[PDB]
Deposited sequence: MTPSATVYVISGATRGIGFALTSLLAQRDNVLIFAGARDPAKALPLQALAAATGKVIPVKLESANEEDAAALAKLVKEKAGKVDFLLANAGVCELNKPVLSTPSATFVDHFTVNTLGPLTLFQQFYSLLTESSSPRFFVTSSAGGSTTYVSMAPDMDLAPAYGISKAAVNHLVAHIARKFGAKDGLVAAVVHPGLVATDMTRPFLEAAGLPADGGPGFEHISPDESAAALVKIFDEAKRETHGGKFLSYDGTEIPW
């Protein structure tokens, strides 16, 4: 009967803040992914505090971890209602001419293939939900339209990988949206920081805390319907972002 969430990237930043906010609800079950859950002590403490969180092993783009978690979720809950992809990487200061191809591949693997692997391994569980949702936390930095509307931040590997994941989610919405009643969408969380902030400062960057971003994102997730949200690029502030 519980609403079932699977949240990747749940040890840090927006993934942790989403897990913490949702864990305060009455009838939910949250599988919170960590590369190494036994050492994810704040996730263990949230599990103790709420009883709504199961910390689980989930490395980005690792097909074995994703398949194992789907097996666990199948046994424990039998469905997934919200699949929330929040395990990202954004390496600073990667100018296009002096950055090796491997850095581009690494961002593609985590930011594009990570969500791909989650959707592929969890699709059957999403089909068991009456109203399945798949939200990938992307970035306005992945908007190609915004490239000519924003200054260069030396973040091409990141932006490229987010443009790629945005295209992937559009393909998922087209294929499965109507068939399964699935809302598949990407969401810009804002510029997230806590002091975390020296990272955005070292990037060259309107700041919102992870908790404030999570509060806005869950409102979008809760209200989403296919006709208004399926296949869209949403922002935490309610607006739509061009691709």
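- Within the chain's deposited sequence, the coordinate-free stretches run 1 to 3, 161, 200, 211 to 218 in sequence order.
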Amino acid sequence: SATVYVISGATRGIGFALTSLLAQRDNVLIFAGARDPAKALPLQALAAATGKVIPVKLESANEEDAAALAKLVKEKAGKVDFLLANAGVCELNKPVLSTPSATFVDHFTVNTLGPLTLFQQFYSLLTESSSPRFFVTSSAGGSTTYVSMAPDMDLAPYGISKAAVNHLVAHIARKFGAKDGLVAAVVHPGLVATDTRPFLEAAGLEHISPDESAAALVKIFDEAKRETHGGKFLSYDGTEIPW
From here on, numbers count along this sequence of modelled residues.
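- On average the C-alpha atoms of 186 to 194 have higher B-factors than those of the other stretch, with 186 to 194 and 51 to 59 being the two compared.
- Just going by the entry, 233 to 241 versus 2 to 10 on mean CA temperature factor gives the higher value to 233 to 241.
- Per the PDB entry, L92 shows the highest C-alpha temperature factor of the residues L92, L113, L83, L168.
- Looking only at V96, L118, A164, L125, the residue with the top Cα B factor in the deposited structure is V96.
- In the PDB entry, a CA B factor belonging to the lowest third of its chain's modelled residues is recorded for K175.
- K76: CA B factor lies in the highest third for its chain, per the PDB record.
- Split the chain's modelled residues into thirds by C-alpha temperature factor. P42 is in the lowest one.
- In the PDB entry, a CA B factor belonging to the lowest third of its chain's modelled residues is recorded for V218.
- In this PDB entry, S101 carries a Cα temperature factor that places it within the highest third of its chain's modelled residues.
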